[PDB]
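Enquirer: What follows is a structure written as structure tokens; I'll ask about it next.
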Amino acid sequence: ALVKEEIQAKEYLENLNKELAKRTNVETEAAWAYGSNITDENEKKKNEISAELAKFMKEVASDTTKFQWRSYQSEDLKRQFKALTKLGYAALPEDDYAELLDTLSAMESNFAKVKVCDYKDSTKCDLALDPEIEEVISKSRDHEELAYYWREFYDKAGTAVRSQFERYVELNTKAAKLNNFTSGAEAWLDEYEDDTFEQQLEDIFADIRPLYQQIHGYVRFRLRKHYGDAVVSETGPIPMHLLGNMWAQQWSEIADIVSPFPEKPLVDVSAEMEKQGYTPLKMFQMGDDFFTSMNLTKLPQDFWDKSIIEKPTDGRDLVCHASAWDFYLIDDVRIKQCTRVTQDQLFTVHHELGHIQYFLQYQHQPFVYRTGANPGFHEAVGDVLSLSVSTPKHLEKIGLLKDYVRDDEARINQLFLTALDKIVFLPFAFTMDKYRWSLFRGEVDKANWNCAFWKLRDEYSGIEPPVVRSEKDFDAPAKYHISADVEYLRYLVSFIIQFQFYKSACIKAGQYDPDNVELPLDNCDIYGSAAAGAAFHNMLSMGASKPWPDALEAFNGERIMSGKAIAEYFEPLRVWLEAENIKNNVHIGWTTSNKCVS
Ligand SMILES: *[C@@H]1O[C@H](CO)[C@@H](O[C@@H]2O[C@H](CO)[C@@H](O[C@@H]3O[C@H](CO[C@H]4O[C@H](CO)[C@@H](O)[C@H](O)[C@@H]4O)[C@@H](O)[C@H](O[C@H]4O[C@H](CO[C@@H]5O[C@H](CO)[C@@H](O)[C@H](O)[C@@H]5O)[C@@H](O)[C@H](O)[C@@H]4O)[C@@H]3O)[C@H](O)[C@H]2NC(C)=O)[C@H](O)[C@H]1NC(C)=O
Ligand SMILES: *[C@@H]1O[C@H](CO)[C@@H](O)[C@H](O)[C@H]1NC(C)=O
Ligand SMILES: *[C@@H]1O[C@H](CO)[C@@H](O)[C@H](O)[C@H]1NC(C)=O
Ligand SMILES: [Zn+2]
């Protein structure tokens, strides 16, 4: 029976993968229509088609049991079957599935439709997060103005969806258990195919946490000099509204007030981008150029024809959170980005285009393999290029950085600037999933859900709200990914492995040699490197056809996720900063926040 059955199973899979790709195409189109144009009608259509695809996946899961697939010889066939067994939310009874979709829609559309009143004009009430509130949070140094916008946003994006969030947790848990996972934490973790993955991240995080603490201490010190001791204490958590970002996830927008060497250059090319007439289209064309310069795949015409690369002016509601979309045919790939002409946005364009590249590289795989080796791989691709794009080397080459002298002090300024994004984010990203996992696993009583969030943000990041919160507030959904039910550990994983990829690409490009002071890792530009491009091609073309260690091995010969490379990048900063904090008697660490009343 078995040899013959395995022949038939191969044909079964060939056909089923093609059918899933086509059916997924159709759900993806409806989701795109909604996300690009939020209306009740588009919501209904998206959710109806999802319900129908879920019912089909339920039949597929049932049909896998007609095959003795665990008995087969082919590791590849077994891997595909195992992927089709995994229903996720589709395991839910029809009515629960529909209720979950309705709940998700309610949260994501609440987030996307938030508007607040101008701090200086309570009749102007059409300020959205993107761009209006984000511009104040990144540019204002009026601490009361900042606190105002923080409070208005969190109250509307967060607290307003407590009820919905609670029902989502219940249904997410019910779904996980129907897949025989303990909870949605274990369902998310299953994507890393590694039963020690959490311990591995704890270990890496513990190794980098000392450096974070040094950065935190120095920033707090600098913020005290700017705002004074009535606004920032020496010993307490940093008030998060002063850190240049609504979620304090990255602190690079306050670099001009905390840079190590204020009289030496600090890279900020936004003003030159504007002066040279950059547009969203040009920024996308330049990202395309980067990839094609490395001998990777050019964007196809569908990308240009169907992407939305600037915020519509017609007053519609949409999701502006930047995203990359695979339509599961051939070359139908798209970005939806409310693009602004800034340095940070140039990096975001490259990030999104890394997802597009991945889609193009794996599009010949069977449907079940048309995804990242793990979710962190997907998020890392474009960041590897952004690391290069951010270098003084690259930015001088493209005419955006003028009259730059790369002395020791400018190098520390640039390392610090990078760390304000790359090191600061690590505890932030860990807490987003630690929080959700703790709710999913039933470890926090509902009475303590809000303070459990702020407790994690305190313990790991040493930040706190600008105002006292309580269990009357519900703050976690004020972060897009929490309202949108997007797993966050992918970004922690990305921020570690992107340095492994960057280092290896730099070495292949001839742009990094640890023994050559002329080739430091932090000034490596892989632009134009076919050797780097080759490593990407070898890895990305695999999709999810093999466990992620095999995909890393295809890139650089390694099989282990490791903090060595990110530490190697920041090692000169670590040395300098440890010394600077001692020299300035900077207090390190923080007392427990008083800003969430239990
Ligand atoms: C999550 O875990 C769940 C368990 O906690 C699991 O649910 C179990 O799935 C089992 C596998 O499908 C299912 O097993 C069948 O049980 C039937 C009897 O069940 C009743 O009594 C139970 C308790 O006594 C009740 O709780 C149930 O509700 C039922 O009322 C059996 O009749 C049935 O049998 C047939 O199938 C076996 C297995 O066949 C296999 O494949 C080939 C077929 O060619 C076999 O040759 C091979 O060796 C293998 O056995 C045949 O041997 C047999 O001849 C029959 O055709 C079968 O044992 C079980 O009932 C169910 N239990 C519970 C408690 O729910 C979920 O499936 C898991 N979910 C996921 C997503 O993995
Ligand atoms: C948005 O969707 C609605 C359907 O609810 C449709 O009538 C309208 O034309 C769409 N607008 C745009 C900008 O596509
Ligand atoms: C570019 O990529 C192609 C296809 O992957 C390969 O055959 C070729 O050798 C590469 N060219 C360069 C510039 O190395
Ligand atoms: Zn991404």
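Labels for the structure tokens follow display order: chains A, B, ..., residues from 1 in each chain, ligands from 1.
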When you look at residue 153 in chain A with a cut-off of 9 Å (counting only C-alpha atoms), what residues show up, excluding the ones that are within fewer than 4 positions of it in the same chain? I need them as a PyMOL selection string.
Expert: chain A and resi 114-116+129+133+148-149+157-158+246+478
Enquirer: Write out, as JSON lines, each residue of chain A that has an atom at most 10 Å from ligand 3, together with the closest pair of atoms and their distance in Å to one decimal, counting only C-alpha atoms and all ligand atoms, rows going by chain and rising number.
Expert:
```
{"residue": "A:292", "atom": "CA", "partner": "ligand 3", "partner_atom_place_in_ligand_line": "1 (C)", "distance": 9.5}
{"residue": "A:293", "atom": "CA", "partner": "ligand 3", "partner_atom_place_in_ligand_line": "13 (C)", "distance": 8.6}
{"residue": "A:294", "atom": "CA", "partner": "ligand 3", "partner_atom_place_in_ligand_line": "13 (C)", "distance": 7.5}
{"residue": "A:295", "atom": "CA", "partner": "ligand 3", "partner_atom_place_in_ligand_line": "1 (C)", "distance": 4.9}
{"residue": "A:296", "atom": "CA", "partner": "ligand 3", "partner_atom_place_in_ligand_line": "2 (O)", "distance": 7.0}
{"residue": "A:297", "atom": "CA", "partner": "ligand 3", "partner_atom_place_in_ligand_line": "2 (O)", "distance": 8.9}
{"residue": "A:528", "atom": "CA", "partner": "ligand 3", "partner_atom_place_in_ligand_line": "13 (C)", "distance": 9.1}
{"residue": "A:529", "atom": "CA", "partner": "ligand 3", "partner_atom_place_in_ligand_line": "13 (C)", "distance": 8.2}
{"residue": "A:530", "atom": "CA", "partner": "ligand 3", "partner_atom_place_in_ligand_line": "14 (O)", "distance": 5.1}
{"residue": "A:531", "atom": "CA", "partner": "ligand 3", "partner_atom_place_in_ligand_line": "14 (O)", "distance": 6.8}
{"residue": "A:532", "atom": "CA", "partner": "ligand 3", "partner_atom_place_in_ligand_line": "14 (O)", "distance": 9.7}
{"residue": "A:533", "atom": "CA", "partner": "ligand 3", "partner_atom_place_in_ligand_line": "1 (C)", "distance": 8.0}
{"residue": "A:534", "atom": "CA", "partner": "ligand 3", "partner_atom_place_in_ligand_line": "5 (O)", "distance": 6.9}
{"residue": "A:537", "atom": "CA", "partner": "ligand 3", "partner_atom_place_in_ligand_line": "5 (O)", "distance": 6.9}
{"residue": "A:538", "atom": "CA", "partner": "ligand 3", "partner_atom_place_in_ligand_line": "5 (O)", "distance": 8.8}
```
Enquirer: If we count only C-alpha atoms and set the cut-off at 9 Å, which residues sit around residue 182 in chain A, ignoring sequence neighbours fewer than 3 positions away in its own chain? Please answer as an MDAnalysis selection string.
Expert: chainID A and resid 173 176:177 179 185:187 440:441
Enquirer: Near range 565-568 of chain A, counting only C-alpha atoms, which residues have an atom at most 6 Å away, once you skip same-chain residues fewer than 3 positions from it, shown as number ranges by chain?
Expert: A: 499-500, 571
Enquirer: Could those residues be written to a file, using N, CA and C atoms, as a tab-separated table (two decimals), in the first residue's frame?
Expert:
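Result saved to again-v5.tsv:
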```tsv
chain	number	residue	atom	x	y	z
A	499	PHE	N	21.92	41.04	12.15
A	499	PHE	CA	23.33	41.34	12.33
A	499	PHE	C	24.20	40.16	11.88
A	500	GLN	N	23.70	38.95	12.05
A	500	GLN	CA	24.37	37.76	11.53
A	500	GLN	C	24.39	37.84	9.99
A	571	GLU	N	30.37	46.82	19.86
A	571	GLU	CA	31.50	46.74	20.77
A	571	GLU	C	32.24	48.07	20.92
```
Enquirer: According to DSSP computed on the backbone, where in range 174-326 of chain A is there strand (DSSP E)? Give the residues as number ranges by chain.
Expert: A: 238-239, 323-326
Enquirer: Which residues sit within 8 Å of ligand 2, counting only C-alpha atoms and all ligand atoms, listed as a PyMOL selection string?
Expert: chain A and resi 33-34+36-42+312+314+316
Enquirer: Would you mind listing what lies within 12 Å of range 107-112 of chain A as a PyMOL selection string, with only C-alpha atoms counted and same-chain residues fewer than 5 positions away left out?
Expert: chain A and resi 34-40+42-43+100-102+127-130+153-168+316-321+476-486
Enquirer: Give me the residues near range 2-5 of chain A as a list in words, where near means some atom within 12 Å (using only C-alpha atoms) and where sequence neighbours in that chain fewer than 5 positions away do not count.
Expert: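 In the requested form, the answer reads residues 10, 11, 12, 66, 67, 68, 69, 70, 71, 72, 73, 74 and 77 of chain A.
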Enquirer: Throw together the list of residues within 8 Å of ligand 4, counting only C-alpha atoms and all ligand atoms, and drop it here as a VMD selection string.
Expert: chain A and resid 323 to 324 351 to 352 354 to 355 378 to 380 382 491
Enquirer: Of the residues A:252, A:386, A:270, A:365, which is the one nearest to residue 341 in chain A, using only C-alpha atoms?
Expert: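 Selected residue with least distance to residue 341 in chain A: A:270.
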Enquirer: Which value, in Å to one decimal, gives the distance between CA of residue 419 in chain A and CA of residue 560 in chain A?
Expert: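 Interatomic distance, CA of residue 419 in chain A to CA of residue 560 in chain A: 23.3 Å.
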Enquirer: Applying 8 Å and only C-alpha atoms, which residues near range 543-559 of chain A remain after dropping the ones on its own chain fewer than 4 positions away? List them as a count of residues only.
Expert: 21
Enquirer: Quick one, how far is CA of residue 262 in chain A from CA of residue 339 in chain A?
Expert: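 Straight-line distance from CA of residue 262 in chain A to CA of residue 339 in chain A works out to 29.5 Å.
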Enquirer: In Å, rounded to a single decimal, give me how far CA of residue 306 in chain A is from CA of residue 286 in chain A.
Expert: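 About the pair CA of residue 286 in chain A and CA of residue 306 in chain A: they are 18.1 Å apart.
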Enquirer: Could you tell me which of A:353, A:451, A:267, A:489 comes closest to residue 405 in chain A if we count only C-alpha atoms?
Expert: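 Ranking A:353, A:451, A:267, A:489 by distance to residue 405 in chain A, first place goes to A:267.
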Enquirer: Compare A:195, A:207, A:471, A:63 by their minimum atom-to-atom distance to ligand 1, counting only C-alpha atoms and all ligand atoms, and give me the closest one.
Expert: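 When distances to ligand 1 are compared using only C-alpha atoms and all ligand atoms, the smallest one comes from A:63.
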Enquirer: Given only C-alpha atoms as the basis, pick out the residue of A:397, A:406, A:446, A:503 nearest to residue 527 in chain A.
Expert: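 Of all the options, A:397 lies closest to residue 527 in chain A.
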Enquirer: Choose the residue, out of A:180, A:257, A:589, A:13, that has the smallest atom-to-atom separation from ligand 1; count only C-alpha atoms and all ligand atoms.
Expert: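 For ligand 1, the nearest of the given residues is A:180.
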